[PDB]
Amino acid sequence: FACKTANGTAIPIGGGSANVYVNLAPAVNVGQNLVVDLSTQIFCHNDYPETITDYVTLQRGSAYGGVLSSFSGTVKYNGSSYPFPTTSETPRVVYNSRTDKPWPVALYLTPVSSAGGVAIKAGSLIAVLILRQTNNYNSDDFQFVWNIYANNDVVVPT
């Protein structure tokens, strides 16, 4: 089992970490949603699907930078909603193919009233999402750590 981002970089068998650079709406009003869809960015596959079933969860999701200070939100994992930052592990998603399949994570972040001017700086760390992978075959229990960085500034008008 292994994963990769749309702009190249990979995390190998056994887990590890990688940076993901995401384009964000340049402006979002208080009470409107900023959507960070990682299904277009993070892909995973099963290396031996004839024999093994891989199980994948969102173990933990946390906010950093401007998202931590100026936004509240939820995370959608495989169509279901959870508070973000997370306090519980999600149900699993099954990976049973060599073909790259999206990791179905999306963040829904709404600016709080207090926000104004530049809320998210370009290049800043905005989230860490931990993908946890197990299987039906042995004791493998791996973390794939995705560090999410903003490609551009996000302005929240006062």
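Counting begins at 1, following the sequence as shown.
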Stretch with the greater mean C-alpha B-factor as recorded in the entry, comparing 110-118 against 40-48: 110-118
Mean temperature factor over C-alpha atoms, higher-scoring stretch between 29-37 and 98-106: 29-37
Selection from 124, 70, 53, 59 [criterion: highest C-alpha temperature factor in the record]: 70
CA B-factor ranking of residue 138, expressed as a third of its chain: lowest
Position of residue 17 among the chain's modelled residues by C-alpha B-factor, lowest, middle or highest third: middle
